[PDB]
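**Student:** This is the structure, below, for whatever I ask next.
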Amino acid sequence: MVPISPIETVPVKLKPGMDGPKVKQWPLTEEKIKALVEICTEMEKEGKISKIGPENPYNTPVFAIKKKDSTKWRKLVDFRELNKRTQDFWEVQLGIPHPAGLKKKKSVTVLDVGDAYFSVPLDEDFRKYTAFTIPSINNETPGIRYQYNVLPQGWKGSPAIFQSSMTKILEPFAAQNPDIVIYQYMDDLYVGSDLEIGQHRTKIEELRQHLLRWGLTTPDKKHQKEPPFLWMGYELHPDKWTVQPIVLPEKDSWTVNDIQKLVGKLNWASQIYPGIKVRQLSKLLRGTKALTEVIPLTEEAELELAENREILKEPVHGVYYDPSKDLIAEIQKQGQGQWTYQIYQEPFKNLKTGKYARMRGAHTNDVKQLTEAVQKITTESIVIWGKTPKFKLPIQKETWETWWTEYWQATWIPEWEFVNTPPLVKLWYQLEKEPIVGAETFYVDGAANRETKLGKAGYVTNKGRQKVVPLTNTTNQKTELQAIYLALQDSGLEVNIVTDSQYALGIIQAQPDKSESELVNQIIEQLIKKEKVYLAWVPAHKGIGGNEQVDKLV
Amino acid sequence: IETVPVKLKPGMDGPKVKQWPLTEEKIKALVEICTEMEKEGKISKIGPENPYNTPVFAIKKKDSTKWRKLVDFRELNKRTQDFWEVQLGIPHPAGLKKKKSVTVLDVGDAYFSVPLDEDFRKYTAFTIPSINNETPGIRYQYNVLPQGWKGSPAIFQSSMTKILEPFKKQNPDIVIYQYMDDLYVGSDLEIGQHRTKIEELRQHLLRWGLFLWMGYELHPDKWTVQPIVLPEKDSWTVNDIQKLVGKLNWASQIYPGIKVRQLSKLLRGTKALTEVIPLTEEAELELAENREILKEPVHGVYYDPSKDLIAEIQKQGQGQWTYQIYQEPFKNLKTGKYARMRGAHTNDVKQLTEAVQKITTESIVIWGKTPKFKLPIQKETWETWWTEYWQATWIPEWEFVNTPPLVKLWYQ
Ligand SMILES: COc1ccc(Nc2nc(Nc3c(C)cc(/C=C/C#N)cc3C)nc3nc[nH]c23)cc1
């Protein structure tokens, strides 16, 4: 007898206020009962379950399910009720590694730890809650009562307790062998190194020697698992990684569901396939819910899809991470609020790619979007490599400086360099800080009637120029914007504009270059055409001259 | 040696706050810090039966090179029971803000000498994350009073109060205030005398068994205040007068008898913005009347400890920032202005992060609590960067303003 260390048990509790499950056992067939008894007898022989007395008032329904039309039955204990009543755990699976963060591994060994699982004992005081009953033949005897001694498959705490028990055991091995990596995925232990295969196989036998101390064996044969690994949607190769094959279906008709599947596939592909676009395909799912509803494709969406097919024509691979080299992120503007990016260390050798979509909003500008893309990539990079990459941005240094020095908000972009690849991000207009001498002064105003929706917009100027336009189906805000629009339309390349609209100023001070409102967009197009625009604000109804509510009052 | 029992608030569970991404160098710093803390028994490893979490990160304090562990206990703090003690709340020392000099000490390490109630320890769970989720996050909980936790100074109070007695009774005019891991010590001495008294207080803690060597010095007596001012000109343009009226209209929300009628009358007709308008006598007098009004303080301004303090900040450009602290709109308790060049000439966010810390410090000295900030910045930008520039052991609350306020230049 070689003494083995016991695996320390995790103290498990029910959610407060809750008692254990009391779920009635289902009536079964004599055929299934015999099968279940045989199974539960083997398990009891293995120490997984123990027969219990009649004191235990807890129950969880057990089932018998025919394995693939064979002559063999499998058992299913349904722990859904107990899982509802079982405490939350620290789940450690939250967040999977991204392959682009991994280092290349010469050798990667797979060990099966399916058996180690049953050396993890269930907390003694919790076992009672796992009670189940095999009904007896013809209900003429008391059902056989069992409870668990090991983590039941299907039980809420099993994956977290198994994982954390394995980790605690592996910990000193990992710490004292810093030239290997160990990663657990379900019933498999992946052990990788950059070692000579002799030195690597040594470490493996050493790991087995270490696990033996807890009575744990790792079959020791040859798994049907050599690179590439199919894992979480990826292909892990020795020196490269990529996503599993992306196959876009041929269809003459797409439903809501088909498009969701399509975007989902494209979103997944975008992490390594550069330039993938999804706006025109996503902007079809806007307000629906009927998954069966056959949505027609816009000509704009069929063009996006065809472009994607071309991109998906060639298999693309990302390289693994080299901490010795630098980390570089490059962004391009795609149009329609879409941005695409590549992260690399060596030119033409991407670690990964990605995209960013413009947020939900009324007005926006390219600089703001670029800033958001930067922030997103920064955060993702810190997740994946623990550092911020150096940026290559399609924006001039002078443009950025002008932007952030004059912008009302605080903003920041980490270390970056201009990359001259069109389309370049720029500022489309710049308002004056002081009134312009020699420029005509336009006093603008608008007003509308809440009931009739009838409104007026217009201006009066220092040279006696005047306009009032009557408007239908409008609001005060629309008339205030319209008034400013007219002033821009009817002025020279340099103009001073005086308004009392806090609304219009809130928008324009936000410096948008694009908007949902076509009215704001026309205003933007006018500003772009001007050489100089000074916008001044004044309080309404204070008897400020020019400020002519009167031409609008009517 | 005996743990005072602590509970959460009724119907409240512990914090389950996401750990945010950390750079490699902060992760390394924390691994080293927590490794030694675990040796010292201040923290212990925890199992998967603890589902709680509080974010953690690393900082460098003002003018040192050594990393400091900072835990964001904001959630735990608002979920931990209203800590009435035997202080019942020491009514905030109003004399602190009048002292000629105040020195700030980091006394948080004293907390580690007092054990934490066993049944509450679970709620102090935190995670040191791995890069790219490649290894399991290292999970810990506290065995002692943790720094940054509201209950720590509350509980340690009776211990602190008797450590201080020899020094306090010796120096009856020196005001000493505790907020979180910080000790605020203010006197009206000479800097060299003041500095010695602080040293006659630090060794005096090292003697009582307890980076306390660091010293952050403030001068409340000479702190920034801001009356409203109007321009003094010999020639007024239409634009100048329009801007003045806008400012007075705004000030009339704060000050009752502000008048703009005579000043508006100068703007009748539709004049060029750059045209000079001579002031009438009725206009100059009205301007003079308003100017006198803006000398008197605001009517009905009181502090209410039951209410939150609100801090707004505006970016004025050229490294300049204005701020106002209030509880009620147009009832400012404090206004100020910053221009400090603290290694952020080219970094807006760094400047803002520092402005935020300075305003919080002022607010602690004056009222004994931190204000809720309204920050002129996008959330995603602020969330990405502020931890890189953070040097305090407390963290205030903040919200984000996305619409440019008109009132910006009225504070410049
Ligand atoms: C050939 O496949 C691989 C797998 C992993 C790496 N590199 C690294 N892996 C890990 N952990 C890890 C391991 C060892 C295997 C898998 C595959 C599971 C399946 N199927 C997944 C992971 C995350 N950690 C590393 N740290 C640096 N390089 C690493 C390199 C090539």
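Residue numbers start at 1 in each chain; chains themselves are named A, B, ... in the order of the structure tokens; ligands are numbered from 1 in the order shown.
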Restrict the calculation to only C-alpha atoms and all ligand atoms, then for each residue of chain B with any atom at most 10 Å from an atom of ligand 1 give the closest atom pair and their distance in Å to one decimal, rows by chain and rising residue number, as a Markdown table.
**Tutor:**
```
| residue | atom | partner | partner_atom_place_in_ligand_line | distance |
| --- | --- | --- | --- | --- |
| B:131 | CA | ligand 1 | 26 (N) | 9.1 |
| B:132 | CA | ligand 1 | 26 (N) | 8.8 |
| B:133 | CA | ligand 1 | 23 (C) | 8.0 |
| B:134 | CA | ligand 1 | 24 (N) | 5.4 |
| B:135 | CA | ligand 1 | 24 (N) | 7.5 |
```
**Student:** Could you pull the residues within 12 Å of residue 307 of chain B, counting only C-alpha atoms, minus those fewer than 3 positions along the same chain, as a PyMOL selection string?
**Tutor:** chain B and resi 302-304+310+326-328+367+369-372
**Student:** Each residue of chain A lying at most 7 Å from chain B should get a row with its shortest atom-to-atom pair and the distance in Å to one decimal, counting only C-alpha atoms; could you produce that, ordered by chain and increasing number, as JSON lines?
**Tutor:**
```
{"residue": "A:10", "atom": "CA", "partner": "B:49", "partner_atom": "CA", "distance": 6.9}
{"residue": "A:11", "atom": "CA", "partner": "B:49", "partner_atom": "CA", "distance": 6.8}
{"residue": "A:12", "atom": "CA", "partner": "B:49", "partner_atom": "CA", "distance": 6.4}
{"residue": "A:88", "atom": "CA", "partner": "B:51", "partner_atom": "CA", "distance": 6.1}
{"residue": "A:89", "atom": "CA", "partner": "B:51", "partner_atom": "CA", "distance": 4.8}
{"residue": "A:90", "atom": "CA", "partner": "B:51", "partner_atom": "CA", "distance": 4.3}
{"residue": "A:92", "atom": "CA", "partner": "B:136", "partner_atom": "CA", "distance": 6.6}
{"residue": "A:95", "atom": "CA", "partner": "B:133", "partner_atom": "CA", "distance": 6.3}
{"residue": "A:96", "atom": "CA", "partner": "B:133", "partner_atom": "CA", "distance": 6.0}
{"residue": "A:97", "atom": "CA", "partner": "B:132", "partner_atom": "CA", "distance": 5.0}
{"residue": "A:98", "atom": "CA", "partner": "B:132", "partner_atom": "CA", "distance": 6.5}
{"residue": "A:101", "atom": "CA", "partner": "B:132", "partner_atom": "CA", "distance": 6.4}
{"residue": "A:160", "atom": "CA", "partner": "B:48", "partner_atom": "CA", "distance": 6.4}
{"residue": "A:161", "atom": "CA", "partner": "B:48", "partner_atom": "CA", "distance": 6.4}
{"residue": "A:164", "atom": "CA", "partner": "B:48", "partner_atom": "CA", "distance": 6.8}
{"residue": "A:375", "atom": "CA", "partner": "B:381", "partner_atom": "CA", "distance": 6.4}
{"residue": "A:379", "atom": "CA", "partner": "B:384", "partner_atom": "CA", "distance": 7.0}
{"residue": "A:382", "atom": "CA", "partner": "B:23", "partner_atom": "CA", "distance": 5.9}
{"residue": "A:383", "atom": "CA", "partner": "B:132", "partner_atom": "CA", "distance": 5.4}
{"residue": "A:384", "atom": "CA", "partner": "B:132", "partner_atom": "CA", "distance": 4.4}
{"residue": "A:385", "atom": "CA", "partner": "B:131", "partner_atom": "CA", "distance": 6.3}
{"residue": "A:386", "atom": "CA", "partner": "B:23", "partner_atom": "CA", "distance": 4.3}
{"residue": "A:387", "atom": "CA", "partner": "B:23", "partner_atom": "CA", "distance": 5.4}
{"residue": "A:405", "atom": "CA", "partner": "B:317", "partner_atom": "CA", "distance": 6.6}
{"residue": "A:408", "atom": "CA", "partner": "B:315", "partner_atom": "CA", "distance": 6.2}
{"residue": "A:409", "atom": "CA", "partner": "B:376", "partner_atom": "CA", "distance": 5.0}
{"residue": "A:410", "atom": "CA", "partner": "B:348", "partner_atom": "CA", "distance": 5.0}
{"residue": "A:411", "atom": "CA", "partner": "B:348", "partner_atom": "CA", "distance": 5.8}
{"residue": "A:412", "atom": "CA", "partner": "B:349", "partner_atom": "CA", "distance": 6.3}
{"residue": "A:435", "atom": "CA", "partner": "B:273", "partner_atom": "CA", "distance": 6.3}
{"residue": "A:437", "atom": "CA", "partner": "B:274", "partner_atom": "CA", "distance": 6.1}
{"residue": "A:440", "atom": "CA", "partner": "B:272", "partner_atom": "CA", "distance": 6.9}
{"residue": "A:441", "atom": "CA", "partner": "B:272", "partner_atom": "CA", "distance": 5.4}
{"residue": "A:461", "atom": "CA", "partner": "B:270", "partner_atom": "CA", "distance": 6.1}
{"residue": "A:462", "atom": "CA", "partner": "B:271", "partner_atom": "CA", "distance": 5.0}
{"residue": "A:506", "atom": "CA", "partner": "B:404", "partner_atom": "CA", "distance": 6.0}
{"residue": "A:509", "atom": "CA", "partner": "B:404", "partner_atom": "CA", "distance": 6.6}
{"residue": "A:510", "atom": "CA", "partner": "B:404", "partner_atom": "CA", "distance": 6.6}
{"residue": "A:538", "atom": "CA", "partner": "B:246", "partner_atom": "CA", "distance": 5.7}
{"residue": "A:539", "atom": "CA", "partner": "B:246", "partner_atom": "CA", "distance": 5.8}
{"residue": "A:542", "atom": "CA", "partner": "B:264", "partner_atom": "CA", "distance": 6.8}
{"residue": "A:543", "atom": "CA", "partner": "B:264", "partner_atom": "CA", "distance": 5.9}
{"residue": "A:544", "atom": "CA", "partner": "B:267", "partner_atom": "CA", "distance": 5.3}
{"residue": "A:545", "atom": "CA", "partner": "B:268", "partner_atom": "CA", "distance": 3.9}
{"residue": "A:546", "atom": "CA", "partner": "B:270", "partner_atom": "CA", "distance": 4.2}
```
**Student:** Skip residue 189 of chain A itself and residues of its chain fewer than 2 positions away, then list as a PyMOL selection string all residues within 12 Å of it, counting only C-alpha atoms.
**Tutor:** chain A and resi 108-114+116+163+166-167+170+181-187+191-192+204+207-208+211+218-219+223+225
**Student:** Name the residues of segment 266-418 of chain A that come out as alpha helix (DSSP H) in a backbone DSSP run; write them as number ranges by chain.
**Tutor:** A: 266-269, 279-282, 299-311, 366-385, 397-406
**Student:** List the spatial neighbours of residue 138 of chain B as a list in words - criterion: any atom at most 8 Å away, only C-alpha atoms, same-chain residues fewer than 3 positions off excluded.
**Tutor:**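 Surrounding residues, per the criterion: residues 45, 127, 128 and 129 of chain B.
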**Student:** Set the distance at 10 Å and use only C-alpha atoms: which residues neighbour segment 172-183 of chain B once local chain neighbours fewer than 6 positions away are removed? I'd like the list as a PDB file with N, CA, C and O atoms, in the first residue's frame.
**Tutor:**
```
ATOM      1  N   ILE B  90     -17.741  60.968  14.237  1.00  0.00           N
ATOM      2  CA  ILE B  90     -17.082  62.126  14.831  1.00  0.00           C
ATOM      3  C   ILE B  90     -17.440  63.304  13.942  1.00  0.00           C
ATOM      4  O   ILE B  90     -17.012  63.353  12.783  1.00  0.00           O
ATOM      5  N   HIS B  92     -17.602  66.159  11.675  1.00  0.00           N
ATOM      6  CA  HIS B  92     -16.427  66.578  10.909  1.00  0.00           C
ATOM      7  C   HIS B  92     -15.794  67.867  11.426  1.00  0.00           C
ATOM      8  O   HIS B  92     -16.464  68.896  11.532  1.00  0.00           O
ATOM      9  N   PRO B  93     -14.491  67.803  11.740  1.00  0.00           N
ATOM     10  CA  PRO B  93     -13.722  68.920  12.306  1.00  0.00           C
ATOM     11  C   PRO B  93     -13.684  70.124  11.370  1.00  0.00           C
ATOM     12  O   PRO B  93     -12.899  70.140  10.417  1.00  0.00           O
ATOM     13  N   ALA B  94     -14.512  71.127  11.655  1.00  0.00           N
ATOM     14  CA  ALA B  94     -14.621  72.310  10.808  1.00  0.00           C
ATOM     15  C   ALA B  94     -13.358  73.169  10.828  1.00  0.00           C
ATOM     16  O   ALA B  94     -13.154  74.000   9.939  1.00  0.00           O
ATOM     17  N   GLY B  95     -12.514  72.969  11.836  1.00  0.00           N
ATOM     18  CA  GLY B  95     -11.299  73.750  11.968  1.00  0.00           C
ATOM     19  C   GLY B  95     -10.161  73.299  11.070  1.00  0.00           C
ATOM     20  O   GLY B  95      -9.180  74.030  10.899  1.00  0.00           O
ATOM     21  N   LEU B  96     -10.286  72.105  10.494  1.00  0.00           N
ATOM     22  CA  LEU B  96      -9.232  71.541   9.648  1.00  0.00           C
ATOM     23  C   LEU B  96      -8.937  72.403   8.415  1.00  0.00           C
ATOM     24  O   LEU B  96      -7.773  72.600   8.048  1.00  0.00           O
ATOM     25  N   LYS B  97      -9.997  72.920   7.794  1.00  0.00           N
ATOM     26  CA  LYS B  97      -9.884  73.727   6.578  1.00  0.00           C
ATOM     27  C   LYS B  97      -9.389  75.150   6.832  1.00  0.00           C
ATOM     28  O   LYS B  97      -9.207  75.924   5.890  1.00  0.00           O
ATOM     29  N   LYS B  99      -6.747  75.610   9.128  1.00  0.00           N
ATOM     30  CA  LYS B  99      -5.337  75.424   9.448  1.00  0.00           C
ATOM     31  C   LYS B  99      -4.421  75.866   8.306  1.00  0.00           C
ATOM     32  O   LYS B  99      -4.699  75.607   7.131  1.00  0.00           O
ATOM     33  N   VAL B 102      -1.805  71.555   6.205  1.00  0.00           N
ATOM     34  CA  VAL B 102      -2.302  70.217   6.501  1.00  0.00           C
ATOM     35  C   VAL B 102      -1.418  69.176   5.822  1.00  0.00           C
ATOM     36  O   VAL B 102      -1.117  69.291   4.633  1.00  0.00           O
ATOM     37  N   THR B 103      -0.994  68.167   6.576  1.00  0.00           N
ATOM     38  CA  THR B 103      -0.184  67.094   6.009  1.00  0.00           C
ATOM     39  C   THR B 103      -0.988  65.791   5.963  1.00  0.00           C
ATOM     40  O   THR B 103      -1.681  65.443   6.926  1.00  0.00           O
ATOM     41  N   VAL B 104      -0.908  65.084   4.836  1.00  0.00           N
ATOM     42  CA  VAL B 104      -1.653  63.840   4.654  1.00  0.00           C
ATOM     43  C   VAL B 104      -0.730  62.637   4.827  1.00  0.00           C
ATOM     44  O   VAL B 104       0.294  62.528   4.146  1.00  0.00           O
ATOM     45  N   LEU B 105      -1.096  61.737   5.738  1.00  0.00           N
ATOM     46  CA  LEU B 105      -0.309  60.531   5.988  1.00  0.00           C
ATOM     47  C   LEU B 105      -1.052  59.266   5.565  1.00  0.00           C
ATOM     48  O   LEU B 105      -2.272  59.168   5.722  1.00  0.00           O
ATOM     49  N   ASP B 106      -0.309  58.303   5.026  1.00  0.00           N
ATOM     50  CA  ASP B 106      -0.858  56.989   4.708  1.00  0.00           C
ATOM     51  C   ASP B 106      -0.656  56.064   5.907  1.00  0.00           C
ATOM     52  O   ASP B 106       0.457  55.591   6.163  1.00  0.00           O
ATOM     53  N   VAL B 107      -1.735  55.822   6.648  1.00  0.00           N
ATOM     54  CA  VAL B 107      -1.676  54.998   7.854  1.00  0.00           C
ATOM     55  C   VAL B 107      -2.399  53.670   7.663  1.00  0.00           C
ATOM     56  O   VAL B 107      -2.662  52.953   8.633  1.00  0.00           O
ATOM     57  N   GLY B 108      -2.715  53.348   6.412  1.00  0.00           N
ATOM     58  CA  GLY B 108      -3.464  52.146   6.089  1.00  0.00           C
ATOM     59  C   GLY B 108      -2.833  50.858   6.585  1.00  0.00           C
ATOM     60  O   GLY B 108      -3.544  49.901   6.892  1.00  0.00           O
ATOM     61  N   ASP B 109      -1.504  50.833   6.673  1.00  0.00           N
ATOM     62  CA  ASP B 109      -0.788  49.636   7.103  1.00  0.00           C
ATOM     63  C   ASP B 109      -1.089  49.275   8.563  1.00  0.00           C
ATOM     64  O   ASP B 109      -0.896  48.133   8.978  1.00  0.00           O
ATOM     65  N   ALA B 110      -1.570  50.246   9.335  1.00  0.00           N
ATOM     66  CA  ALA B 110      -1.978  49.989  10.715  1.00  0.00           C
ATOM     67  C   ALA B 110      -3.148  49.008  10.771  1.00  0.00           C
ATOM     68  O   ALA B 110      -3.256  48.213  11.706  1.00  0.00           O
ATOM     69  N   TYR B 111      -4.017  49.075   9.764  1.00  0.00           N
ATOM     70  CA  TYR B 111      -5.206  48.229   9.699  1.00  0.00           C
ATOM     71  C   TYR B 111      -4.876  46.736   9.736  1.00  0.00           C
ATOM     72  O   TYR B 111      -5.632  45.940  10.294  1.00  0.00           O
ATOM     73  N   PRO B 146      -8.918  45.405   5.722  1.00  0.00           N
ATOM     74  CA  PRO B 146      -8.264  45.759   4.459  1.00  0.00           C
ATOM     75  C   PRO B 146      -8.247  47.271   4.229  1.00  0.00           C
ATOM     76  O   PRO B 146      -9.154  47.977   4.680  1.00  0.00           O
ATOM     77  N   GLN B 147      -7.214  47.755   3.546  1.00  0.00           N
ATOM     78  CA  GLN B 147      -7.132  49.157   3.164  1.00  0.00           C
ATOM     79  C   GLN B 147      -8.209  49.472   2.129  1.00  0.00           C
ATOM     80  O   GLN B 147      -8.515  48.636   1.273  1.00  0.00           O
ATOM     81  N   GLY B 148      -8.793  50.666   2.218  1.00  0.00           N
ATOM     82  CA  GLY B 148      -9.795  51.093   1.254  1.00  0.00           C
ATOM     83  C   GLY B 148     -11.213  50.709   1.631  1.00  0.00           C
ATOM     84  O   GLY B 148     -12.182  51.131   0.984  1.00  0.00           O
ATOM     85  N   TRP B 149     -11.343  49.899   2.679  1.00  0.00           N
ATOM     86  CA  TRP B 149     -12.662  49.481   3.145  1.00  0.00           C
ATOM     87  C   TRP B 149     -13.187  50.415   4.231  1.00  0.00           C
ATOM     88  O   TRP B 149     -12.481  50.713   5.197  1.00  0.00           O
ATOM     89  N   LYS B 150     -14.433  50.854   4.069  1.00  0.00           N
ATOM     90  CA  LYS B 150     -15.059  51.827   4.963  1.00  0.00           C
ATOM     91  C   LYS B 150     -15.084  51.378   6.425  1.00  0.00           C
ATOM     92  O   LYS B 150     -14.990  52.205   7.339  1.00  0.00           O
ATOM     93  N   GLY B 151     -15.187  50.071   6.641  1.00  0.00           N
ATOM     94  CA  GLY B 151     -15.249  49.531   7.984  1.00  0.00           C
ATOM     95  C   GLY B 151     -13.911  49.523   8.694  1.00  0.00           C
ATOM     96  O   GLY B 151     -13.854  49.379   9.913  1.00  0.00           O
ATOM     97  N   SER B 152     -12.830  49.682   7.938  1.00  0.00           N
ATOM     98  CA  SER B 152     -11.494  49.627   8.521  1.00  0.00           C
ATOM     99  C   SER B 152     -11.148  50.788   9.467  1.00  0.00           C
ATOM    100  O   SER B 152     -10.730  50.539  10.599  1.00  0.00           O
ATOM    101  N   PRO B 153     -11.312  52.051   9.020  1.00  0.00           N
ATOM    102  CA  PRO B 153     -11.049  53.122   9.990  1.00  0.00           C
ATOM    103  C   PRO B 153     -12.108  53.129  11.086  1.00  0.00           C
ATOM    104  O   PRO B 153     -11.807  53.472  12.231  1.00  0.00           O
ATOM    105  N   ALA B 154     -13.334  52.755  10.728  1.00  0.00           N
ATOM    106  CA  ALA B 154     -14.441  52.688  11.676  1.00  0.00           C
ATOM    107  C   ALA B 154     -14.112  51.764  12.846  1.00  0.00           C
ATOM    108  O   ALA B 154     -14.267  52.133  14.013  1.00  0.00           O
ATOM    109  N   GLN B 157     -10.780  52.637  14.885  1.00  0.00           N
ATOM    110  CA  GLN B 157     -10.880  53.942  15.536  1.00  0.00           C
ATOM    111  C   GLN B 157     -10.435  53.976  17.001  1.00  0.00           C
ATOM    112  O   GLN B 157      -9.627  54.821  17.384  1.00  0.00           O
ATOM    113  N   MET B 160      -6.742  53.590  17.194  1.00  0.00           N
ATOM    114  CA  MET B 160      -6.096  54.824  16.749  1.00  0.00           C
ATOM    115  C   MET B 160      -6.170  55.931  17.800  1.00  0.00           C
ATOM    116  O   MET B 160      -5.194  56.649  18.017  1.00  0.00           O
ATOM    117  N   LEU B 164      -2.859  57.997  19.702  1.00  0.00           N
ATOM    118  CA  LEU B 164      -2.699  59.431  19.488  1.00  0.00           C
ATOM    119  C   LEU B 164      -2.586  60.270  20.769  1.00  0.00           C
ATOM    120  O   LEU B 164      -1.982  61.342  20.746  1.00  0.00           O
ATOM    121  N   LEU B 189       1.681  76.152  12.278  1.00  0.00           N
ATOM    122  CA  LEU B 189       3.088  76.347  12.607  1.00  0.00           C
ATOM    123  C   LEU B 189       3.905  76.821  11.410  1.00  0.00           C
ATOM    124  O   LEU B 189       3.357  77.201  10.375  1.00  0.00           O
ATOM    125  N   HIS B 194       6.118  72.510  11.580  1.00  0.00           N
ATOM    126  CA  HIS B 194       5.037  71.617  11.189  1.00  0.00           C
ATOM    127  C   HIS B 194       5.584  70.252  10.773  1.00  0.00           C
ATOM    128  O   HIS B 194       5.127  69.222  11.267  1.00  0.00           O
ATOM    129  N   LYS B 197       6.712  68.279  13.756  1.00  0.00           N
ATOM    130  CA  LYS B 197       5.565  67.758  14.498  1.00  0.00           C
ATOM    131  C   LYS B 197       4.955  66.526  13.830  1.00  0.00           C
ATOM    132  O   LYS B 197       4.487  65.611  14.511  1.00  0.00           O
ATOM    133  N   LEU B 212       4.326  55.259   5.544  1.00  0.00           N
ATOM    134  CA  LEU B 212       3.932  56.310   6.478  1.00  0.00           C
ATOM    135  C   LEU B 212       4.962  57.434   6.459  1.00  0.00           C
ATOM    136  O   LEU B 212       4.711  58.532   6.959  1.00  0.00           O
ATOM    137  N   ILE B 364     -12.739  66.206   1.190  1.00  0.00           N
ATOM    138  CA  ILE B 364     -12.536  65.433   2.416  1.00  0.00           C
ATOM    139  C   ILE B 364     -12.155  66.361   3.575  1.00  0.00           C
ATOM    140  O   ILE B 364     -12.646  66.205   4.696  1.00  0.00           O
ATOM    141  N   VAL B 365     -11.277  67.324   3.294  1.00  0.00           N
ATOM    142  CA  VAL B 365     -10.834  68.296   4.286  1.00  0.00           C
ATOM    143  C   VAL B 365     -11.980  69.193   4.769  1.00  0.00           C
ATOM    144  O   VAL B 365     -12.099  69.475   5.962  1.00  0.00           O
ATOM    145  N   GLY B 368     -15.552  66.153   4.921  1.00  0.00           N
ATOM    146  CA  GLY B 368     -15.315  64.811   5.420  1.00  0.00           C
ATOM    147  C   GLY B 368     -15.968  63.722   4.586  1.00  0.00           C
ATOM    148  O   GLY B 368     -16.222  62.619   5.087  1.00  0.00           O
ATOM    149  N   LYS B 369     -16.262  64.032   3.323  1.00  0.00           N
ATOM    150  CA  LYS B 369     -16.665  63.006   2.362  1.00  0.00           C
ATOM    151  C   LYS B 369     -16.340  63.399   0.921  1.00  0.00           C
ATOM    152  O   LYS B 369     -15.986  64.541   0.652  1.00  0.00           O
ATOM    153  N   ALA B 392      -4.320  58.010  -5.345  1.00  0.00           N
ATOM    154  CA  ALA B 392      -4.982  58.034  -4.041  1.00  0.00           C
ATOM    155  C   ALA B 392      -5.416  56.635  -3.613  1.00  0.00           C
ATOM    156  O   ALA B 392      -5.585  55.744  -4.449  1.00  0.00           O
ATOM    157  N   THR B 393      -5.623  56.460  -2.309  1.00  0.00           N
ATOM    158  CA  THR B 393      -6.022  55.169  -1.754  1.00  0.00           C
ATOM    159  C   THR B 393      -7.538  55.035  -1.633  1.00  0.00           C
ATOM    160  O   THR B 393      -8.048  53.964  -1.293  1.00  0.00           O
ATOM    161  N   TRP B 394      -8.247  56.129  -1.900  1.00  0.00           N
ATOM    162  CA  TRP B 394      -9.705  56.092  -2.028  1.00  0.00           C
ATOM    163  C   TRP B 394     -10.108  56.279  -3.497  1.00  0.00           C
ATOM    164  O   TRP B 394      -9.300  56.713  -4.325  1.00  0.00           O
TER     165      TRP B 394
END
```
**Student:** Would you return as a PyMOL selection string the members of segment 65-197 of chain A that DSSP assigns to strand (DSSP E or B) on this structure's backbone?
**Tutor:** chain A and resi 65-66+73-77+86+107-112+121+132-134+144-148+150+180-185+188-193
**Student:** For a quick check of understanding, using only C-alpha atoms, which of B:37, B:325, B:287, B:395 has the smallest distance to residue 77 of chain B?
**Tutor:**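 With only C-alpha atoms as the atom set, the closest residue is B:395.
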**Student:** If you count only C-alpha atoms, which residues fall within 8 Å of segment 242-255 of chain A, apart from same-chain ones fewer than 2 positions away, as a list in words?
**Tutor:**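 Returned residues: residues 230, 233, 234, 235, 236, 240, 257, 258, 259, 262, 265, 268, 269, 272, 291, 292, 293, 294, 295, 296, 297, 309, 312, 316, 317 and 318 of chain A.
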**Student:** As a list in words, please: the residues near segment 193-197 of chain A (cut-off 7 Å, only C-alpha atoms, same-chain neighbours under 6 positions excluded).
**Tutor:**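 With the cut-off at 7 Å, the set is residues 105, 106, 107, 108, 179, 180 and 181 of chain A.
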**Student:** Hey, can you spit out that residue selection with N, CA and C atoms as a compact mmCIF listing (two decimals), in the first residue's frame?
**Tutor:**
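And here is the file that came out, out_12.txt:
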```
# COMPACT_ATOMS: atom_id res chain seq x y z
N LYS A 105 4.23 26.34 -29.26
CA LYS A 105 4.71 25.21 -28.48
C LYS A 105 5.20 24.08 -29.40
N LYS A 106 6.48 23.73 -29.25
CA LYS A 106 7.08 22.61 -29.97
C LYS A 106 6.25 21.35 -29.81
N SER A 107 6.02 20.97 -28.56
CA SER A 107 5.33 19.73 -28.24
C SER A 107 4.15 20.03 -27.32
N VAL A 108 3.00 19.43 -27.61
CA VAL A 108 1.84 19.53 -26.73
C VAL A 108 1.21 18.15 -26.51
N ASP A 179 8.95 26.05 -17.49
CA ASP A 179 9.18 25.90 -18.92
C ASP A 179 8.14 25.01 -19.60
N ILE A 180 7.02 24.79 -18.91
CA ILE A 180 5.88 24.11 -19.51
C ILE A 180 4.60 24.89 -19.21
N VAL A 181 3.57 24.66 -20.01
CA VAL A 181 2.26 25.23 -19.73
C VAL A 181 1.27 24.09 -19.54
```
